[PDB]
Structure formats: structure tokens, C-alpha cells
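Chain and residue survey
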Amino acid sequence: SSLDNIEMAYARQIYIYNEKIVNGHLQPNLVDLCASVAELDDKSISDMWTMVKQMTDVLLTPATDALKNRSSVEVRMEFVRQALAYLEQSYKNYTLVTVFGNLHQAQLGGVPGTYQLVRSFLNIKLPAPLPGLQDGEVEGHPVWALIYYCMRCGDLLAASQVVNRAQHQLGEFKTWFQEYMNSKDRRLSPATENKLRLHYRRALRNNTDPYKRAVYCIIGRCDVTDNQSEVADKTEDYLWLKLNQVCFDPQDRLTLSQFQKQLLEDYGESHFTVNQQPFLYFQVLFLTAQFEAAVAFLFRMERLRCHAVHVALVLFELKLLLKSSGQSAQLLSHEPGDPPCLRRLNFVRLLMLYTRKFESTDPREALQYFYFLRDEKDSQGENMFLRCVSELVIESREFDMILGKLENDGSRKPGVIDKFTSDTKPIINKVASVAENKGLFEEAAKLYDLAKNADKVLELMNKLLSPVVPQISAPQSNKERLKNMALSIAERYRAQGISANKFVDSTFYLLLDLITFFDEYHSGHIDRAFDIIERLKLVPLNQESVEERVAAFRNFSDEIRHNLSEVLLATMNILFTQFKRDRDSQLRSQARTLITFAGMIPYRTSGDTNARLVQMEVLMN
Amino acid sequence: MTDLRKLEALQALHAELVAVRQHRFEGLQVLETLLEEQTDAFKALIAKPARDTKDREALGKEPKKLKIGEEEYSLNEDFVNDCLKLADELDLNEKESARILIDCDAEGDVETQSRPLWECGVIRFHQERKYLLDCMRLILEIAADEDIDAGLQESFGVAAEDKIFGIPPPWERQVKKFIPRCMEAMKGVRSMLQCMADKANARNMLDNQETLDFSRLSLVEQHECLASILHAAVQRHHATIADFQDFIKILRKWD
């Protein structure tokens, strides 16, 4: 097996999600089905899916195009809020593990109020007082530190409580903050927003209290260039600092498009992967709505291929992933007729790479991933899922497992693909078609016979029999192994009343009779073998039938005319033997008949055959 | 023989490449037949499945019967102990690690070397990467040889573009480029060699000294082969500025 522990667990989860859609059940939450395995690994992966769920848990317009949802200002706004809610809660967990040694340890004693937690967080991260703080303290801590880390944790209420106990010190900041907490989308009114920004810009552009600076332009979304590096030293603190500063419809203003493009264009992977920590960059792209970038990026880490494919599937089963129309493009690209700030993922290629790894010895699991390509076609029109099953069968040669083994008793035990579509007639011909083009007739027959395509089964069975008609049928020979399959196809084609056009069909049952004629001839059962050839009315034995038999030879399958030479000789040698054992006249007359027939028929080795036939007739007299 | 395992397949393939390189074209028809059987091998230079817990708990729970692909084998208290040991030293999956040990029992190399069964798995694992990577150098080396037929010189060229670099030929045609896989490939060799000295030095601070020396030799040879393959790929103008910046940074961070 080519699948690692983690990859295998995901496969099982994707089998469920397929079993549900294959039986018409409720469309379960894919993101939940993937996070179910994440908990079996380190929390590096669990915290990823947590971000994936929260970033995709946005009210969408079902049955709407992918590009439309992702271009709409409506959806683009909720992404920023879902991310900020993740950066705030994520930071809140950092503040817990900073005070208590373990999340469990914090829980048993009870998570304290965000206010008392933050206070018990300031104790550690600033034990001694910084001399540059302003506006005094509140219950033993600087008022601005409490406000910042409370807003950072996302509890505006806890921050407003701090403000209520410092009404005299904070001046007019109270009426401004109380408006920020009330107004939605973390934005103030243009009039009041103007009043505070100008005040900050007036004489507080450079204040000795960094926490004061941070809060002001987090509330006013100002000084976008100043990264407030004094308080936002971590990467998440930067993302959170900026997403609280982005704006929507000219100076000192930043928008999501600029920010998202500004980040990866100027500070690409190189900047965010110098510490050899891959998820750091992924979180930067995913929490900025650049899902295709983050997916391709994370898909290149050979250790995190599994995770990047699935986060792509989630975005794909939620009409959020922007697929690349052309299949000839690179993995990541920007369509020419699209804005430059969005990118597109060649989803078809993405799955095709992941599959090649475990498609060789783990076919069942491969199909589960090929199903997501059911909705796509290629330039030639083939259904992508169907084509992927053809290529996977041509390579793996797993016919019984994937296509269903058709035993020699008339049964068709369904295969693994039967689960996904009930119309399995084309691919069985596709797989049968190539194997036919590769001279693998004995297989192409079994495959065509699996799809009950007797036109092709009998055609190929005619080719495999004609060479072996006069041969000696011996144990385990190529004659027995082909005759016995032909008879197993004769019964199942009569018991089920199946037949190809009379040309193909007539020749097929005719060869089977001839194969019996030589099997009796090679055994010495001369009398019995003579009777068979007489029924077939293939070789004339009375002079009257020569005219009609000669005309029939003209339109009989060349697989029959080929073996005419051996038939005449065996029949002659049959009469020849019976002569040495009135009757003499009758054999003599029949001997003549064979000669005149052979004389009027142009066929294989007519030279040596016509001569031998005449000699055997002379010895009779 | 005809039914050769992974190790015997790479060892036999290597001999064929040397023939064509030493002016011996008596195995042209036999050479092409091997590239098609090992197509999945040339795609990924070196990749070890991460150690999964599903197989760890399942292997030791019912160490009675093992099923790998189409064949079946029986596990005993002695063989099962070698699987966990090999998987721990190399951090390899239990399923993949077991297949390596099974190949030793069949070939019966324990008597040819007279070493523990679990140690042979380490050598057999390193041999695969050696020939798997060393054989690639011969393909590109022969594809650039000017003292051979122009037709044959071009056959190995287009083949390397698709088998090694994963670039389809001109008559046809989500996936990752070759360089990023090669850079990550060489990275694994460094991390594996670094952790080797740390763990080896701890216990050293035995009958496996020569085996450790041979493993270090194989690792340095594989690194040299990967470097030569990267140089050859760069010689075809298949790079960019990002790879150059990454290499410059790696050099600046040289210790």
C-alpha cells in the first residue's frame, strides 16, 4: 500500500462522503469529515481545519457560480470578520496557555473572565512597569494595555468595562469607543471617525505609550503603514492588526485587494518561509481569502500534500474554489480576462497528481477521488471521471476488482465502479477497445463479453480459433484454453439467446463444428468425424452439389477459407483410410468430388493440396 | 530471472545503463522495457511515507497474518520485532518497512552478509535510493554524449524530460515542478543525516559500525547524484529567480 497512516484515514472519510452521495443521502459537512482525522495527528493540523471551517462558514447563495460568490463585496466582507474572529480566538488560547501551563489546567479551575485573564496575562508579559505608559493604571495595570489585549482577544465588552473605570482619565475616548462597540463592521461614523483621527494625527502621531497608539488606529483604521511593531510582534498580530484596518470605498487607506496582493507579491513565500514553518504562510494566504494560492503553496510541501488536496475539495464542494477552465494551464495562474488580484487553481491537474501516487496498488481509494471530477469534461468530450477509470484500468489491469468479474456461468458480480454509475457500457468498451488495439484478443473478448457485446466477442473469437482449427487439442494447449472458452461462450449465448449478425455468428458456430471435426479426426474416430463434415455441407461429396458449394465458398468468412486446405486433406485422408478397410464405388465417387471442388476453388496452398488429393484418389483404384 | 523485486530491478537496470555508456548497445530493446515498469519510481526521487499509527497499533495487535498487495505472509514474534525496529530507526511506515524485510527473507541475503535481519532492511532501503538516483545521472549523461548515434542520444533526452522532470513530450499535453521536489529531497537527506549522528553518537558515547559507514557513504553518494541531476536540469534553462534566491539564502545560512 502506497498510503501513509494519515492519507489512509482521509481516504476512508472520503469513501463515506461518496457513499452518502452515491445513495442520495444528506450532503454531510466535508470540512467536518476531514477534521475527524486531523485530531489523530498533532495540533498543527487540527488548528488548520479549525481555520478552514471558520473561513468557509459564511452564508452563501446555493446554486450560484463560484466566481460570483468570491467577487461579491457581500461575501468578501464576511471573510474578514471570520478571520478576525479566528485571530482573536486563536490569540485568546495563546493567552490561556501563557497563564496556565495546559488548556486542561485552565479548564479545571475554570476559564476566568476575559478581563481577569488579560489582567493575569499582563502580569507575566510585563512584570515591571514601562516608563512610557500614559493615562495611569486600572487595578494595577496600564489602562491601554488592558484595552488592547482585550480587543485582541475579541472581547470588546471586557475592554469597555476597563474604560468605565477610567472615565476621568481617558477624556473624550469614552464616547468614541462606545460608538465603535455599537456600530457594526468595526467602523465608526465618518464624522466621529474624522474627529478622532485628526486628534491622534494632531499631537499623538508619536506617543510614548505604544498601546495607546495601537488602540487609536485600530479604532480609526489609520496609519496603515505603521505596523505598530511595538505591540504586534507576532505574525497573527500583524494580520489581525491589518484586517482591522482594511477599508471599502484615498490617502492613508488600505483595502483587502491591496493588502492581499501587497502581502504575497512583495513579501512572497520567501519572506514567510525563512523560519522553515510552512503553515505560517498558509494562514497568511487563507485568512486573506487567497485560497487558491494557499492551496497550491501547501500542495507543494511533500509532507502536506494530503492536507492541501482536501482543503481544495472543501473549497470545491462549497462552490468557493475558482477552477481553471483550461486543463493545459499551470497549477496556479490568473485568467487573462479576470482581475489581477484573484488567482485560479487547475483543480483537474491537482487531483491527477495526488492520484498517480496511490493509483497503482490502491485503486479503490483512487476512484473515490476521481469522482469529484465527474462534473468536468475534456476537449474531446469524454467524462473526466469515466476517462480516469479507463486509464486506471488500462494501467492497473484490475478487471475483476474494478469492472466486475463475469464468470463462465453467466453471472456478473458488480465492480467498484458500479457504485458510481450504472451505465458501464462505454468504459468496458473503452478498456476492451484499447486491449483489442494491442493484439490482446483473448482479453478483449473477455472484456467485450463482460459488456455483452457479442458483435465484438464473436469477431475476436473467430480470429483466435481459425489458426487453431486443424491443430492438435492437447492438455493445457492453446487450443483447449481457447476451445473451452469458446464453448463456455456458446452455451451462455444460446441459453441467453444472444447472437451477433449472421455473418460473424455463422462463422463462429461453424468453426466450433470444424474444431470438433479435427478433434474427432486426430483421435481416430473416423466414422464419427466423417458424419460431422457431412452435416456442415461445406465440402461437396456428390457431383450435383459442386455448383452450389463452390458458389458458397465465395462469400464465406476468410477465417474459413484459410482452413479449407486442411479440411479437404482430412476429409480425403478419412475416405482414404475407410477405403483400405458398392461401397468402393461410393468412396471413389466422393473422392472425385473433393478433387473437382478443390480444382475450381482458389485457396491456401492449393498447389500442394490439390496434388496430394489426386494421389490419394489414385491409390484407391 | 523475470520476476525481480524492486532492489533487483534497479540493480539490473543500472547494469544496462553502463552498457550503453561503455559503447555496448546490445540491450536497447531490454532497456526500454524497464523504464515502463519503473515509471512510478522515476516520478518521485525519494519519499518515505510518514509513520502512521493505524499500522503501528494494527501490526502489533494481530501479528499473525500479513497481506501485501496480492501475496500473503505470516508474521511471527521474531519478524514482527524487526519491523518496529526498522520503522523507528528510519521513521518509515510499518507497511513499507515490512515489505523491505520480506524482500530479504525471499532473496535470503542474511547468510550472504551474516547480519541481523533488521539491519539488512536498512541496507536494502539505502540501495534503492542509490540506484534509483544514480541511474538517473546515467540517463542524462548518455543523453549528452556526443560520441554516440544522434538518434539514440535523443531517445534518452525526451525520456528524462517525462520520467525524471515530469515534463510530457512534445506530442502530448496541479502537479509540482521538479526543482521544488529535488530541493525538498536533498533536505530530507540532510535532516536524516543530522539525526543519525545525534542518535548514533548518543549510543556510541558494535557489529553495526561498518553498516553505519556504508549508510553514510550511500547518503553522500545520493546527495552528490541529486546535486548532479539539479545541475543538469539547470543546464537546460528550466529555473527561475525564486530558486536562485532560495539557493543564495541556503548558502548564506551555511554553517
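Residues numbered from 1 in each chain as written, not as in the entry; some residues may be left out. Chains lettered and ligands numbered in written order. Part of a larger assembly, values for the part shown. Heavy atoms only, no water.

As recorded in the PDB entry, chain B goes by the name NUP205, listed as coming from Homo sapiens.

For chain A, the PDB entry supplies the name NUP93 SOL and the organism Homo sapiens.

Observations concerning the overall build of chain A
Assigned secondary structure in chain A consists of 34 helices and six strands. Taken over C-alpha atoms, the radius of gyration comes to 41 Å for chain A, far larger than the 25 Å a tight globule of 621 residues would show. Oriented by its inertia axes, the alpha-carbon framework of chain A measures out at about 140 × 50 × 40 Å. Here chain A holds 621 residues, and 50% of them are scored as buried. (Helix = DSSP H or I, 4+ residues; strand = E, 2+ residues; numbered from the N terminus. Rg over C-alpha atoms; globule rule 2.2 N^0.38 Å. Buried < 20%, exposed > 50% of the residue type's maximum accessible area, 1.4 Å probe, protein only.)

Describing the overall build of chain B
Summing up its helical and strand segments, chain B has 12 helices and two strands in all. Sequence-ordered secondary structure for chain B, helices as α and strands as β, is α-α-α-α-β-β-α-α-α-α-α-α-α-α. Relative to the globule expectation of 18 Å for 255 residues, the C-alpha radius of gyration of chain B, 20 Å, shows essentially globular dimensions. Across its three principal directions, the C-alpha atoms of chain B cover 55 × 50 × 40 Å. Burial statistics for chain B: of 255 residues in total, 40% are counted as buried. Surface accessibility of chain B: about 15,200 Å² in total, with carbon and sulfur atoms responsible for 54%. Taking the average location of the 35 positive side-chain charges in chain B and that of its 50 negative ones, the two points are 7 Å from each other. (Areas by Shrake-Rupley, 256 points an atom, 1.4 Å probe, with all protein chains shown as cover. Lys, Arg positive; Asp, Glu negative; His and termini not counted. Charge placed at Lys NZ, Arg CZ, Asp CG, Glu CD.)

Some points on the state of the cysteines
All names here are of chain A. Counted under the stated rule, the structure contains one disulfide over all chains. The disulfide partner of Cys217 is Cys222, and the S-S distance across this bridge is 2.0 Å. Taking the sign of the torsion about the S-S bond as the criterion, the disulfide between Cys217 and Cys222, at about -105 degrees, is left-handed. Not part of a disulfide, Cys153 finds its nearest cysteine sulfur in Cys150, a span of 6.7 Å. Overall, the relative accessible area of 5% leaves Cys153 in the buried class. (Disulfide = S-S within 2.5 Å.)

Examining the interface of chain B and chain A
How big an interface is tends to be expressed through the accessible area that disappears when the partners come together. The interface is formed by 22 residues belonging to chain B together with 26 residues belonging to chain A. It is B:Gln174, B:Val175 and B:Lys176 that lose the most area in chain B upon contact with chain A, and together they represent 36% of the buried surface on that side. If you look at where chain B meets chain A, you find 17 residue pairs in polar contact. Counting residues per element, the ones that place at least two in the side of chain B that touches chain A are α3 (39-43), α4 (53-61) and α10 (178-204) of chain B. Top contributing element to the side of chain B that touches chain A by residue count: α10(B), with four residues. Partitioned by chemical class, the residues of the side of chain B that touches chain A number four nonpolar, four polar and 14 charged. (Contact = heavy atoms within 4.5 Å. Buried area = accessible area lost by both parts, 1.4 Å probe. Polar contact = N/O pair within 3.5 Å; in protein donor to acceptor, adjacent residues only side chain to side chain. Nonpolar A, V, L, I, M, F, W, Y, C, P; charged D, E, K, R; others polar.)

Some remarks on the environment of B:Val175
Residue placement: B:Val175 occurs in the loop between α9 (150-163) and α10. A relative accessible area of 14% means that B:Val175 is categorised as buried. Excluding its chain neighbours within four sequence positions, the residues that come into contact with B:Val175 are A:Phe299, A:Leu331, A:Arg349, A:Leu353 and A:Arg356.

Examining the pattern of salt bridges
If charged atoms from side chains of opposite charge come close, those side chains can pair. Tallied over the entire structure, the rule returns 57 salt bridges over all chains. Salt bridges sharing common partners tie together B:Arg5, B:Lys6, B:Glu96, B:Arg99, B:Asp103 and B:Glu128. (Salt bridge = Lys/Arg side-chain N within 4 Å of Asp/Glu carboxyl O.)

Considerations on a nonpolar patch on the surface
Where nonpolar side chains cluster on the molecular surface, the patch consists of B:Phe247, B:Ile250, B:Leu251 and B:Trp254 and spans about 430 Å² of accessible area. Owing to a relative accessible area of 35%, B:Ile250 belongs among the partly exposed residues under this scheme. (Patch = residues over 30% accessible without salt bridge, like charges linked within 9 Å, V, L, I, M, F, W, Y side chains within 5 Å.)

Observations regarding the nonpolar core
Core analysis: the largest hydrophobic core is formed by 211 residues, its most contacted members being A:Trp49, A:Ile147, A:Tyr148, A:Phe286, A:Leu403 and A:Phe508. Per-element accounting of this core gives the leading share, 11 residues, to helix α28 (residues 502-521) of chain A. With residues up to four places along the chain from it excluded, the contact list for A:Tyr148 reads A:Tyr211, A:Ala214, A:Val215, A:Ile218, A:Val231, A:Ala232, A:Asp237 and A:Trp240. Of all hydrophobic cores here, the second largest spans 57 residues; its members include B:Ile179, B:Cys225, B:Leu226 and B:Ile229. (Core = buried A, V, L, I, M, F, W, Y, C linked by side-chain atoms within 4.5 Å.)

Some words on the pairing of strand β2 (residues 71-74) of chain B
Residues and elements named next belong to chain B. One ladder, built from four bridges, connects strand β1 (residues 65-68) with β2; its direction is antiparallel. Residue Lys65 lies in a different strand from β2, and its bridge partner there is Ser74. Connecting β1 to the antiparallel partner β2 that follows it, the hairpin turn spans two residues, and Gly69 within it adopts a positive phi of roughly 65 degrees. (Pairing = 2+ DSSP bridges.)

Regarding the packing of helix α30 (residues 546-553) of chain A against helix α33 (residues 583-600) of chain A
When two helices pack together, their arrangement is captured by the angle between the axes and the distance separating the axes. Residues and elements named next belong to chain A. Contact geometry of α30 with α33 gives a least axis separation of 10 Å together with a crossing angle of 40 degrees. When the interaxial angle is binned, α30 and α33 end up oblique. As for how α30 packs across α33, the hand of that crossing is right-handed. Residues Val546, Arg549 and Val550 of α30 form the contact with α33, whose own contacting residues are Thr593, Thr596, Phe597 and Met600. Across the contact of α30 with α33, the residue classes break down as four nonpolar, two polar and one charged. (Axes fitted to C-alpha atoms, helices over the stretch in contact; angles between N-to-C directions. Parallel < 35°, antiparallel > 145°, perpendicular 65-115°, else oblique. Left-handed = near helix turned anticlockwise from the far one by under 90°.)

Brief notes about the packing of helix α24 (residues 425-437) of chain A against helix α25 (residues 441-450) of chain A
Residue and element names in this part refer to chain A. Interaxial distance between α24 and α25 falls to 8 Å at its minimum, and their mutual angle equals 165 degrees. The pairing of α24 with α25 is recorded here as roughly antiparallel in orientation. The handedness of the crossing between α24 and α25 is left-handed. In contact with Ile428, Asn429, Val431, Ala432, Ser433, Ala435 and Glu436 of α24, α25 contributes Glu443, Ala444, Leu447, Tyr448 and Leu450. Here the contact of α24 with α25 is composed, by residue class, of eight nonpolar, two polar and two charged.

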